[PDB]
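What follows is a set of notes on a single structure, which appears directly below.
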Amino acid sequence: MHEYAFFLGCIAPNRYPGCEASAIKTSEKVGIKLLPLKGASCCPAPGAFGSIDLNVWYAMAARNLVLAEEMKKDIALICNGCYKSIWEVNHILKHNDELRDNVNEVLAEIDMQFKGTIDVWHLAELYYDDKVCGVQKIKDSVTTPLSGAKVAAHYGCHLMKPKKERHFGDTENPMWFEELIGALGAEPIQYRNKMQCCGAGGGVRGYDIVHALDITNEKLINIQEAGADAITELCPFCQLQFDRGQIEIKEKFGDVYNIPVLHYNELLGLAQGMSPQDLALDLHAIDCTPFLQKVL
Amino acid sequence: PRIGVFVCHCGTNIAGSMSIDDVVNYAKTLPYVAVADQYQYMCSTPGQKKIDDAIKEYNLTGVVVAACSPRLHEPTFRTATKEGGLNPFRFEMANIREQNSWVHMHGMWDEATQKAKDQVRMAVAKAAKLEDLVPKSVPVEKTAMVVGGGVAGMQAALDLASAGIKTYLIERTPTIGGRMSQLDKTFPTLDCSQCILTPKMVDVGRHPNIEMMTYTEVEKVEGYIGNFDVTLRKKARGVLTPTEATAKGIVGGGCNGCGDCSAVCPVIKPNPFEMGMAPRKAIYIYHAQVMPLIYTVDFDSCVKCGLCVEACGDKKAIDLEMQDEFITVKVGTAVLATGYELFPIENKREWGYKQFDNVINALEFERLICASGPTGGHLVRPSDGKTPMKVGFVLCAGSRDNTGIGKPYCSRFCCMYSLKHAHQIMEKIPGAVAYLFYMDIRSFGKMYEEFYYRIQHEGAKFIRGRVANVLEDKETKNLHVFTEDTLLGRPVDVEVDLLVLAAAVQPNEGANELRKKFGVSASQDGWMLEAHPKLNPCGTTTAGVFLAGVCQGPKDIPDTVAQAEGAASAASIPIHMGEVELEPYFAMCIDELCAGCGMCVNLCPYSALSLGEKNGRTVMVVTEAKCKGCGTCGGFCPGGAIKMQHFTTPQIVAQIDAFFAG
Amino acid sequence: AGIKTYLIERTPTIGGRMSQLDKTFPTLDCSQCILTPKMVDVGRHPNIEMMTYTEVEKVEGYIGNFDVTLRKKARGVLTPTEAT
Amino acid sequence: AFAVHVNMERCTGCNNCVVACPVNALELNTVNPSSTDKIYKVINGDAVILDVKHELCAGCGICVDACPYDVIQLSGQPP
Amino acid sequence: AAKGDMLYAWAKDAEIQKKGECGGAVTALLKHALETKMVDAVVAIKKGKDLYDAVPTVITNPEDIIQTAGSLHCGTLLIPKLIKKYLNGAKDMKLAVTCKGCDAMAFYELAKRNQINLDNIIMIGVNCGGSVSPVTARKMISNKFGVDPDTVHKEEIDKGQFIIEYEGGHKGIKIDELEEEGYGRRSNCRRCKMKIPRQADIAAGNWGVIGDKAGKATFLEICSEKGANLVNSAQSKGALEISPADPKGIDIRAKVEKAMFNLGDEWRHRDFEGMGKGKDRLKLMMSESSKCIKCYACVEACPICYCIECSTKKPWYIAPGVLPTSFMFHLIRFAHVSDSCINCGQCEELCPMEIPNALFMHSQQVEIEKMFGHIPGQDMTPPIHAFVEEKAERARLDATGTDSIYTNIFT
Amino acid sequence: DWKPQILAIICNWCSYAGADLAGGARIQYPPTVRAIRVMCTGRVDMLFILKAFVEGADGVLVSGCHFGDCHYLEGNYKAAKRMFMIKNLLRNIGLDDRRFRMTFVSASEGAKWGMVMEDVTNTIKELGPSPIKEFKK
Ligand SMILES: Cc1cc2nc3c(=O)[nH]c(=O)nc-3n(C[C@H](O)[C@H](O)[C@H](O)COP(=O)(O)OP(=O)(O)OC[C@H]3O[C@@H](n4cnc5c(N)ncnc54)[C@H](O)[C@@H]3O)c2cc1C
Ligand SMILES: Cc1cc2nc3c(=O)[nH]c(=O)nc-3n(C[C@H](O)[C@H](O)[C@H](O)COP(=O)(O)OP(=O)(O)OC[C@H]3O[C@@H](n4cnc5c(N)ncnc54)[C@H](O)[C@@H]3O)c2cc1C
Ligand SMILES: Cc1cc2nc3c(=O)[nH]c(=O)nc-3n(C[C@H](O)[C@H](O)[C@H](O)COP(=O)(O)OP(=O)(O)OC[C@H]3O[C@@H](n4cnc5c(N)ncnc54)[C@H](O)[C@@H]3O)c2cc1C
Ligand code: SF4
Ligand code: SF4
Ligand code: SF4
Ligand code: SF4
Ligand code: SF4
Ligand code: SF4
Ligand code: SF4
Ligand code: SF4
Ligand code: SF4
Ligand code: SF4
Ligand code: SF4
Ligand code: SF4
Ligand code: FES
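Residue numbers (this note's numbering), protein chains in the order written: chain B, 15 to 310; chain W, 48 to 709; chain P, 53 to 136; chain Z, 763 to 841; chain C, 10 to 420; chain E, 24 to 160.
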């Protein structure tokens, strides 16, 4: 049973707690142990806080990293934006000496040092790796087939891009996340421009809601045209956009889709037999009941 | 010994960094120095006259010139030393310009003067110990080899043969011609490529002075400028030419190219000439215009069914049990003309080359548009066989790219061939529109700008924007090309029926292996390197090897042919003379110091060293022709039994001692 | 290659435009430094009849024999050979 | 020489994959046993395949047909 | 009997078996080879005078090898360089040579450099626990043992102590105690670790012979097919008796060999740190080497020095007449020999000026060895500079993790 | 009163070309190193280096072609092995082994030649005068 510190940023615990609950339960069912991070905070959200000040972005991400450093554990994440912040600041401060120095003399005011000893992983990346739980182990753990459901994957942008800074391979047409959805028994479908941004990154969600919603609506149109019955995602930002933004699209525009948006951990819980009440699917703006009728 | 020291000013390039007067007075007070003197331009005719007059007047044993680099002006001053009654090799330079002045210009003058005095002292110390050498002259075999049967190889072979030298033309493939045989029409004159080349292919095939050896490779090369012992692998063609059949005893003949064999062969495989678009049997020719019309057998795919031999009948040209024969050929010079291949553009995933059906590259487009290709010359969509009406051309596909996937250089001809293809589609399909997504149209050659003007006049759309990514419509299989029109200032989404990628070119497959066999180095770009990038673009640093064609860097057919004839001329220079002088830097074994340990023998890359019998004692023997003067053996030998002719241990140690003299 | 050659130049010196160039793209070498070796070779070659400051008045003939008439413009100064 | 994979998560230790494998049954149940190596052995309650390098299986399907709650997947394609 | 067998061997002839230090098997094998005409001569050590004088001898009469029987512990000489100089390198005649570990290593060094013919030479190797200089042994016996040295009959290093047999009885003193007091084995013998010459054709010793044969049997290890043939021929013609060795004997032979390795390591340590570190080692080396009078005895005695004319004799390296000679003289030997020094000590012990040539050279050799991984004198592996390899050179440049040869090379 | 005496032995085909290119490009560096110019670095015997160091070179530099880019196919592998062994000898005779280094400079690296010159000068200046010059006496 591999053990990881569970970073747990802002949106999953405070808006979609079923995501974190299913994360812990399903990760324990497969051979992974997710340990609470002691006093972790907002990973300085890369858009809304990196746009303001890169130095304080570095300092806060480094503080989050040195918490798990003192814990002597590897970070595990469930958010693409949190992955950007944590993993990328870890990578930058493992190689840039003057930035290490600057962050360290900022952190020395709170009796705290960064040395760069741990690694950062996304939970879906762990589920895909073969040393850690693999696709076959996921298939083994699945107990409810979830058959006869068309499911559209949204990769997001901060997990895989830029490919010159990550290690997940092709960004033009990846299929790895489609294999994790196929392990659950749901057939993943392909839609036009599947690698498009959801529109919520960089603080655009806050600065220009209509612009962000138009970017989201382009995706929703493509997904409905494909014929999806739900949208899996690996990011609480993207889930919030696809969930709230459907309501804001219904009100600001006149478009109705009613497409449930679920984190992959929530689908994994559904596959492994967790209850909809135990997943808190009532906390989503868009009702999941048609999808539950199909897969149950 | 009596040494003369002549210090050049180089026209203030040296006098503006040091005190030439002080250097000269120090040279006068140096030991062994008979005369020290200075001049503004020692490389000029008054400078050589000054050297010669000094030699005659002062009875000089050796000459030291404190001037520019030896790599610049050894030949000049060696010839000046010869003219004057000395050996050319009683001369030594002291580089006090490119290693003293130009690097110690600013704010440091007496330091540069002291450095110059030190360099002059070391040069005088070496020259007081130099002694006479005579360059070795070696005979040159009157044959030549041309590796590559493309336009550059064929032109070089024809040029050498018509100059009268017997020539070998080695081609790995069963036919000569190269890429130009695959081209359909040629920019900017729009001539048919096969029509203009078939004449020259016939000349090569008929020339009595050319030994055309197709379907053959170069296993190994040893030797030097004089004699290159080149071993060739005659791959098992499986079919006998009439000459070989008569030699083996079949009077009725060999292969006449009737085609019955391929009419009955049941195996069907892709044709590499048609870039895989077209079928060909196990026994086959690339196209109907191949020069040796001899019908290779593909032994990796033949099932030995024996139908081909029954079809061939009394001609008995097919020998299904043939094996790779090896031949050793002695040649005087060699010309390398290996050409190029298209860079693998499936690595650029944003342009769905392998993943979308209707995305092709420019050689596949050229085969599709040729009238002798898999189609009847009709461009049709690979996805469904329908005629396109909008065609996009992605220029710079994998080129001028610093991301590590593509090539950082320009492929030279891809702007021109994309213009040609746009013209061809707009004239062959009525109402079809060509869109060129370009980033610097490069029509630099003769009539190229006029060709560009004419294409725009016929109505190709030029969108200045590098393509960002390509999406495939799920149903119509049409391709959505996304970029920005940089001049218009807006993003664009052009939906085309067919997308053509003007991919970069790279050195052919196996070219690095062949150039390592011949001893040629590579450029920064990965192409074969030339002797001097400006004034010697054909010859290489290894003597007797010359470059021709795209193998030295991408070029159009005109530039390729000019380069090929230049290489043929350079390869003919030593063959016509019949003599060639080697540089007397060889290793010479001092036998009554050699102990016969044999340990130096394995330190020679060229196998110039061996153990032999002289006066009962087993001593080492140098093949002075094979030695190249590196000095590895002579730097090894513990007993000092190997002497390096112009860089002897006493000379080098005298230089060290003079440096530490104060 | 061994053929006797005439080199006609209208100007009093060989070299051309590259003699006027200061440095050369794409390698940034000094033009005269790289060319002077070759100018010296031309000036010393026994098989080259270097005729500077000379023009071609008329040409008649064909592939076999070209009867080329040259105008040796009045240089005003004698080379050592011509002086002797 | 195929590859068998046992889903440890639902293996009950029933040992009917060990008893039914005809390569395991070679040692004690053959006249003059040829090879005495064994694919499965139930260590700590789950079936462990000692045949790590996929040299002894013969794709018989006696073990896949034997496990009561299907848990053994047989791969007929090269690993 | 076959290339790896470990045997007990003694001579059939009772007189040969008495005069052998152990069972006379080296003298029975040499006699058999000579008289059955495997070899045309035999190069062994005999006493020329008192047992402190060891004289090499080429023997062709099979009647003279009984005089060669017995081991002289004061024989500090080296045989293979004499075969190259005065026997034409054994290029035309077969020889059978009795040799210690240093003499086997020297054979292999000279055969690498093509100076002898190991196809012709047969090497009967003896175990060696150390040799004493004859004059130092005399002073040892006069002072520490309190005996007149001319009284001694035999003397041997057995069980790590120096047993002498004189008229009156026998005595014994620990060799470690003697070596602390300033006597004992030679310095290079204290540092030596080539205790059982497994590179020779036969290895004979008194280690591992236990029980009823503790002083009348030689432990033989057959180390090659040539030695197997010699032994089988001798046993069949009946000049030598063979019984398979005792497993307990083999075990304690291994243990004594291993303990000798550890002792050699300890002496290597204490000597090499005794030389100093940094500029102190340069002042030690330079001040010692300023004594050299250029007798060239070190060059003429070194097995690795095979050059017709030494570079130390070339006027552009060493000024011919300047007697307080340069440090270049010894730098030229460090450069040429230190990569393959077999620690024979001849350079140290033949120096009129008492310069620690062997100590300096071995101190450099041990870590040229742990750098390049080349053990001198074991087999036909070419010297490190006579065989350079592309892949290995890449490997050492990449291991430095650097773009040049400047640092991150040593710990 | 003291100026470092650094001696360089540079091959003709890459290090001499690189130094010439640096000069042509007008890259300045201090005037402390004087070069010898042999054909290949395979020519460099160990006794050359040791002779330099015993005459009193405060530093010695040997510059050649990159691995795989020797004009004579493999002559700098021999030089590299020789210089590794020279580094070992100088460390064990107690002279400071950082007085010696071997750099691989290509024909086009004039800037790198200038940087090598600067770094060699700096290192020898830190190290100080060689001890042989006073140990001789
Ligand atoms: C799509 C496209 C269109 C083009 N259109 C034009 C055009 O319209 N006009 C124009 O002027 N140029 C055009 N070019 C460029 C033109 O093709 C080249 O200038 C020309 O072909 C160079 O010929 P080459 O002989 O140097 O090389 P190649 O034609 O490639 O010939 C090399 C030959 O050597 C052989 N060979 C390779 N390696 C070995 C080996 N190891 N041993 C033996 N033989 C070997 C190959 O099989 C081949 O036969 C075009 C290029 C492309 C890609
Ligand atoms: C500003 C500039 C910079 C350049 N820089 C570079 C550079 O960095 N690198 C590079 O590679 N190229 C460069 N070039 C191009 C380069 O100059 C040419 O490629 C090259 O000079 C061509 O030489 P040529 O012998 O053909 O012509 P020219 O050099 O012009 O030589 C022609 C010669 O013929 C003589 N002549 C003319 N008419 C007659 C006649 N009727 N009878 C007798 N003699 C006659 C002329 O006097 C002259 O000596 C540059 C060009 C320019 C204009
Ligand atoms: C200096 C020395 C130290 C030794 N130390 C040990 C030890 O610690 N442990 C051990 O087990 N064995 C040691 N031996 C070897 C020991 O003597 C063997 O047990 C013995 O050689 C067995 O042979 P043998 O009695 O059967 O034949 P022997 O009749 O003894 O034959 C001995 C042979 O050795 C030759 N010989 C004598 N002196 C020398 C010499 N100085 N150099 C070379 N050859 C010589 C003789 O000529 C003869 O051919 C040592 C030998 C020597 C010479
Ligand atoms: S010889 Fe060199 S330094 Fe002297 S003038 Fe000519 S180019 Fe200048
Ligand atoms: S049938 Fe025979 S002669 Fe005719 S093409 Fe085939 S091989 Fe040549
Ligand atoms: S043997 Fe059969 S498969 Fe081969 S070429 Fe002849 S007909 Fe075709
Ligand atoms: S020739 Fe034109 S299309 Fe080809 S790489 Fe250069 S700029 Fe791009
Ligand atoms: S020249 Fe030197 S290395 Fe070569 S065989 Fe003679 S002694 Fe040996
Ligand atoms: S110098 Fe020596 S090693 Fe180099 S090519 Fe000549 S003989 Fe061979
Ligand atoms: S398939 Fe057959 S041989 Fe293979 S493990 Fe199962 S029962 Fe055994
Ligand atoms: S038969 Fe099935 S449940 Fe029983 S041990 Fe084997 S794999 Fe497990
Ligand atoms: S050096 Fe070693 S093998 Fe030679 S005598 Fe001394 S201890 Fe014995
Ligand atoms: S033996 Fe001693 S004194 Fe004689 S040359 Fe060698 S070091 Fe000098
Ligand atoms: S240097 Fe001295 S100790 Fe080393 S092998 Fe030579 S003689 Fe023996
Ligand atoms: S020191 Fe060197 S040169 Fe002198 S003999 Fe020994 S190996 Fe030969
Ligand atoms: S040519 Fe420079 S190192 Fe060999």
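Where a beta carbon is used, it is the ideal one built from N, C-alpha and C, also for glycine.
{"Query": "Are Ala-141 of chain W and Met-65 of chain W touching if we call contact CB-CB under 8 Å?", "Result": "no"}
{"Query": "What are the start and end residues of each continuous alpha helix (DSSP H) run of 4 or more residues lying completely inside the segment 100-187 of chain C, in chain order?", "Result": "110-121 and 143-152"}
{"Query": "At the 8 Å Cβ level, is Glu-232 of chain B part of the contact set with chain W, yes or no?", "Result": "no"}
{"Query": "Apart from the five residues just before and just after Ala-34 of chain C, which ones in its own chain have a Cβ nearer than 7 Å to its Cβ?", "Result": "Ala-18, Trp-19, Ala-20, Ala-213, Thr-227, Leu-229 and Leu-249"}
{"Query": "Starting from the beta carbon of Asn-806 of chain Z, find every residue of chain D whose beta carbon is closer than 9 Å, and list them in chain order.", "Result": "Absent from the structure is chain D; the protein chains it does hold are B, W, P, Z, C and E."}
{"Query": "Three or more C-beta pairs closer than 8 Å, one from the segment 408-419 of chain W and one from the segment 558-567 of chain W: is that the case here?", "Result": "no"}
{"Query": "Can you name the residues of chain W whose CB is closer than 9 Å to the CB of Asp-184 of chain B?", "Result": "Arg-396"}
{"Query": "Just checking: is the beta-carbon of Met-152 of chain W within a distance shorter than 8 Å of some beta-carbon in chain P?", "Result": "no"}
{"Query": "Are at least three pairs of beta-carbons, each pair with one atom in the segment 673-681 of chain W and one in the segment 151-166 of chain C, less than 8 Å apart?", "Result": "no"}
{"Query": "Since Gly-287 of chain C meets chain E, which of its residues come closer than 7 Å, beta carbon to beta carbon?", "Result": "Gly-117"}
{"Query": "I'd like to know if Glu-158 of chain W contacts chain E, where contact means its C-beta is closer than 8 Å to some C-beta of that chain.", "Result": "yes"}
{"Query": "Select from C:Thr-411, C:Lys-303 and C:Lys-103 the residue whose C-alpha is nearest the C-alpha of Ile-364 of chain C.", "Result": "C:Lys-303"}
{"Query": "Please confirm whether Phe-412 of chain W and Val-547 of chain W have their CB atoms less than 8 Å apart.", "Result": "yes"}
{"Query": "For ligand 14, is there any heavy atom lying closer than 7 Å to the beta carbon of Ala-408 of chain C?", "Result": "no"}
{"Query": "I'd like to know whether the C-beta of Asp-167 of chain C is nearer than 8 Å to at least one C-beta of chain E.", "Result": "no"}
{"Query": "Is there a Cβ of chain W sitting closer than 8 Å to that of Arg-219 of chain B, yes or no?", "Result": "no"}
{"Query": "Could you tell me whether the Cβ atoms of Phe-90 of chain E and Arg-403 of chain C are closer together than 8 Å?", "Result": "yes"}
{"Query": "Does the beta-carbon of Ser-654 of chain W have 16 or more other beta-carbons within 10 angstroms, so that it is buried, or is it exposed?", "Result": "exposed"}
{"Query": "Just to check my reading of the structure: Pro-339 of chain W and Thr-290 of chain W have Cβ atoms closer than 8 Å, yes? What is that Cβ distance to the nearest angstrom?", "Result": "11 Å between Cβ atoms; not a contact."}
{"Query": "Taking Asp-84 of chain W as the reference, give the member of W:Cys-90, W:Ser-91, W:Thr-92 and W:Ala-74 with the closest Cα.", "Result": "W:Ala-74"}
{"Query": "Provide the residue span of the beta strand (DSSP E) that contains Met-15 of chain C, from first to last.", "Result": "15-20"}
{"Query": "Less than 7 Å between the CB of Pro-312 of chain C and some heavy atom of ligand 14, yes or no?", "Result": "yes"}
{"Query": "List, in order along the chain, the chain Z residues whose C-beta lies closer than 7 Å to that of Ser-41 of chain B?", "Result": "Here the premise fails: no neighbours, minimum Cβ distance about 14 Å."}
{"Query": "Name, in chain order, the residues that DSSP records as bridge partners for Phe-228 of chain C.", "Result": "C:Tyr-17 and C:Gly-214"}
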